[PDB]
Structure formats: structure tokens, C-alpha cells
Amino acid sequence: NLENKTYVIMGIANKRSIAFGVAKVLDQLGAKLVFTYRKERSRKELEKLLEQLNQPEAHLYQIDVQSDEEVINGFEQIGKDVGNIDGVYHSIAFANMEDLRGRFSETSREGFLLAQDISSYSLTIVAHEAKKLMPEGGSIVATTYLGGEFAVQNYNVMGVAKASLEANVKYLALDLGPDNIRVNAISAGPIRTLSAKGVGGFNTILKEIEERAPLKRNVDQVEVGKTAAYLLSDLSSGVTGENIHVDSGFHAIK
């Protein structure tokens, strides 16, 4: 139970977002939630989805993780509005569509560095600023994909940025561990979301899971959220620097 606990959830675009899976689960367990968004359209979606939640107050902050000033001021404002928090769910990534299909060897520098910036660096700066609101410790979770551990077709520039993210989680775990702040990753299997439309061959990936993965079925957003609940809570206190696969066992097979 997560009553009297407060979590910042970053990166809901709409009802299919993985972060909205997380939100539904933490809200059901009684947490207070704060939400961050980039696009105006995502604030609108967030105001609509809050009616499904039991949060008595909408706490919505615009944070583009490309901007230091936005991350620093956003968290500073969260802290002024709700006090100390207990953890952060990071559910944010981006790459240019043309870097998620075709040949990897042709990725542009700005494309590679944009992926890195949003998808991996954002976690370091978020952790640095969120730590100011966790004086007594807490928990930070980021969303990764099996394409960060192995070359999968079409995932390209995002795989290299997932590899970077998963290491960023381990370096943060080491750095922040003596502050009693745990940092972990959830490696979600494929899920139909807005961002998934940019992964060439997504539908093929989906069915390969059904066909080959141990559980012979795809996972959904709520399953990711139930693992997020474990990682964000005291159920997982001994656990830091870890990557938990919520992917029907696919990571364990070949």
C-alpha cells in the first residue's frame, strides 16, 4: 500500500502510454501522483485521464527534458507544491522516425545525439533534481527495451540509447545508493503505443512474442505498472541497479 506516498510520473501522452499503466496501478494502491508532460496535447490528454483516477488534485507540470532550466524549475516547483516525493517513474524517449528502420550505419550525428539526449541523459538530470526532494531516500525507475541489450532489427539509434540508459541506471544506482535512492529499469515487451508506430516492423515483433516467448502472449501497460509498483515501494528495498524484464520471458530465450 502506497498511501502517504508521492510519485512523479513523467511521459504520459495518452491512454496507451506505458506511464498511464503505471499511473493506474499506483493510483489504485493509494499514492498521490504528479505528472509531467512536453506537448500541449499531452496536458489535454492528462486532464481527461485524471477523471479515471482517484487523485483529488490534478498536479501537472510541463517539462521538456531537453532543457535543463525546465527540469530544474519543474522539480523545484513540484517540491514547492507537494513537498518531498518518494520516487520518479521515467517513461520518456524520442528518436527521428528515419532512425527506427533501414540501415543503422547511416544514422546522422544529430539523430544519434537527440536520441541520447532525450532517452538517456534526461534520466541523469531528472535524478539530480529529484534527489533534492528525497532527503530520506526513494526510488527511481526508467523504461527500457531488449534492443538495448541486443541488436534487434529496425530499433537502431534507439537501441544504442537504451544501452546508454541501462548503464546510466547502473551509474546512478552506484552514485545515489549512499543517499538511499534506488535506481532500476523495467524492460517492457512490445506494447501498442503512440511511439511504437515509429519502430519499423512493430507488428512482426508483437507476434514473435506470442509465438516464441515463454508465456506465449504479449504483456500490457498495467503489467509494467505492477512491476513499477514493486520497484517504487519498500517491497524492493534490497534491489538497485537492476533491469527487470516484463516481457513474457522473451529475454531468457533464443
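Rigid core here is just the name for the largest C-alpha set that superposes within 1.5 Å across the two forms. The numbering used is simple: start at 1 and walk along the sequence shown.
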| query | Comparing C-alpha positions in 8 other deposited structures of this protein against this form, with the rigid core used for the fit, which stretch differs more, 177-185 or 137-145? | reply | 137-145
| Divergent stretch in 8 other deposited structures of this protein, 154-162 or 119-127 [C-alpha RMS, superposed by the core] | 154-162
| query | Given the B-factors recorded for C-alpha atoms, which segment has the greater mean, 215-223 or 50-58? | reply | 50-58
| field | Selected stretch [higher average CA B-factor]: 75-83 or 113-121 | value | 75-83
| Which third of the chain does residue 178 land in by C-alpha B-factor: lowest, middle or highest? | highest
| message | Where does the C-alpha B-factor of residue 166 rank in its chain, lowest, middle or highest third? | response | lowest
| query | Based on the entry's values, in what third of the chain does the Cα temperature factor of residue 187 lie: lowest, middle or highest? | reply | lowest
| field | Lowest, middle or highest third - CA B-factor, residue 102 | value | middle
| query | Going by the entry, which third of its chain does the Cα temperature factor of residue 31 land in? | reply | highest
